[PDB]
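Protein chains in written order, with the working numbering: chain A, 1 to 70; chain B, 101 to 148; chain C, 201 to 248; chain D, 301 to 323.
See below for the structure under consideration.
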Amino acid sequence: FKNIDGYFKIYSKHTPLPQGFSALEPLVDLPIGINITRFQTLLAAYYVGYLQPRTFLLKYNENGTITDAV
Amino acid sequence: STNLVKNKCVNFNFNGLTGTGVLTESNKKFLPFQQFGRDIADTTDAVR
Amino acid sequence: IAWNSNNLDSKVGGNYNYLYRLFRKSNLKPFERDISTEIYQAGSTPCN
Amino acid sequence: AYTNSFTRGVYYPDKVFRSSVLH
C-alpha cells in the first residue's frame, strides 16, 4: 500500500517469508487523498515492512513479467 | 471511433495518442492492468 | 476558469458567508485542503 | 519480533508492458 499526492495504490499477489521472486500486480487505486499517518488491522500472525525510495533494476522476462530484480 | 485495419500503414489514434504504422495481431501477454507496450526509446510498440 | 459572481453572490449589508484562511503557520503542498478552524497563535503565550 | 525480507516487495511500477528489457 502507498499514498502519493493522495492517490492510494494497492498491489497484491497470491503466493502458494520464503525465497524467490513474485511481483505484485496492482488491483485497486483510490483517487481521493487521505492524509495518512496511521495503520491498523481488523479481524493469527502477519508481517510488516516499510518502503523507501530505492532505485531498482527490473528484469522483465520474455513473457513480460518481473522475474528478478536488483 | 472507426473500424480497425491491420497489415497496413495507417494513422491510428488510440485513446488520444496519435501515431502511424502497421497494426498486427500480437502474441504479447499484457496483464489486465497494462494498456501499452513500450520501446527502448519510449515508443509505443504495442497497444490495447 | 474564473468569472464574476456579482449577480447573486454579493448582496446588500455584507455577504460574509464566504470565508478564507488568513494566517497559517507555514506554506502548503500542491493540492491539500485544510478544514481546520482552530485558532492561530502568533506569539509564545498559549491560547488554548 | 523481527524477520528478514529476502526478495519481497517487488511490484510493477507502471501500467506499461515491457519485455526482455532490464528497466
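Ideal placement from N, C-alpha and C gives every residue a C-beta, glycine not left out.
Of all residues in the stretch 1 to 35 of chain A, only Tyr11, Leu17, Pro18, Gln19, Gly20, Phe21, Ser22, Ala23, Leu24, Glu25 and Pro26 come within less than 8 Å of chain D when Cβ atoms are compared, listed by chain position. In this structure the stretch 20 to 27 of chain A touches the stretch 301 to 313 of chain D; the number of beta carbon pairs closer than 8 Å is three or more. Along the length of the stretch 11 to 42 of chain A, whole beta strand (DSSP E) runs at least 3 residues long occupy 25 to 30, reported in chain order. By the Cβ neighbour-count rule, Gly213/C is exposed, with fewer than 16 other Cβ atoms within 10 Å of its own. Looking at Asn206/C, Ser226/C and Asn204/C, the one whose alpha-carbon comes closest to that of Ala242/C is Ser226/C. According to the DSSP secondary-structure assignment, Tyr311/D is paired through a beta bridge with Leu24/A. What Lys128/B touches in chain D, judged by beta-carbon distance under 9 Å, is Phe317 and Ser319, going in chain order. For the pair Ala146/B and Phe306/D, the CB atoms are not nearer than the 8 Å cut-off. Taken atom to atom, the span from the alpha-carbon of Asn35/A to that of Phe231/C is near 12 Å.
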